[PDB]
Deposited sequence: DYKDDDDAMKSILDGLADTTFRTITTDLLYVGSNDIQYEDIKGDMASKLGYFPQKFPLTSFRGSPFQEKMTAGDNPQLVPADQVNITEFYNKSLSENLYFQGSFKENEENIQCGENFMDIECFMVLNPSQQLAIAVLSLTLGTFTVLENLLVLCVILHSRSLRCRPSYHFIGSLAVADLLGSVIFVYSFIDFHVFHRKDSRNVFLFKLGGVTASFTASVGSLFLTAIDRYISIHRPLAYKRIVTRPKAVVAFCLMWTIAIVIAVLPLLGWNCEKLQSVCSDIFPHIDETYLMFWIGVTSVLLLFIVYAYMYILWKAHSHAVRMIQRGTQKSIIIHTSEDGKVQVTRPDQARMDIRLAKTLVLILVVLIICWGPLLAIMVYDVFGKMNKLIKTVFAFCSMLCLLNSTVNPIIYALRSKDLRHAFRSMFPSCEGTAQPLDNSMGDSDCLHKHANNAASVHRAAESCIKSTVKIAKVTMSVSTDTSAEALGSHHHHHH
């Protein structure tokens, strides 16, 4: 149901116009400097999956709580299928840049023969054909026409794909550390300190943007609900427009190719 406040419904309209117009105007310019090599496809399909997920959401959320509107059982679930298929096509893309950066230090001899363009152009096809086959899937407390046996399906997939990202960046910081002993001290503390101040920022902008909201969404299935948790889920849902703005500050800015190609044109 739709009860937040009459008082806390006049600041989100100003907040979503400043955390909503930059994420459009940054994920567009990033796709205006792409150049294309088979690990720059995976960074491209999460700069197009965060320009669509920030228009359907900013149009539905400003419609449902501030100035009011009603719907039906087939009109409403169609707009809800455009924020469910665009928030798991922005997490499955974070699962492909952490499986591409894992077959480059674990088997560094084979990264120009395993990961080729015939297996990196079909790979993002088999995510957009599973994320719209589990978001049209309703063929059948806070989400109106949704039964509780379906919120134990979406959370149980988005959680196990965030436990292959906090393992695929804690094996690059162990393999580049034992290696750091030999080709520095014996070989001729230099290499594992330039990968320990960017690789800690990727894991502290992910656990504070998929950890509060994936906890409240468990408190429905895992027991009773109440009144004051319905008013704080409407501010714990604007974190998704915070983890759409910082993504081209961590993946596009932190490079030597995308920052020099920009400089020349």
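Visitor: No C-alpha coordinates means not modelled. Give me those stretches of the deposited sequence in order.
Guide: Missing C-alpha atoms (numbering from 1) occur across the ranges 1 to 122, 157 to 162, 269 to 280, 329 to 349, 427 to 495.
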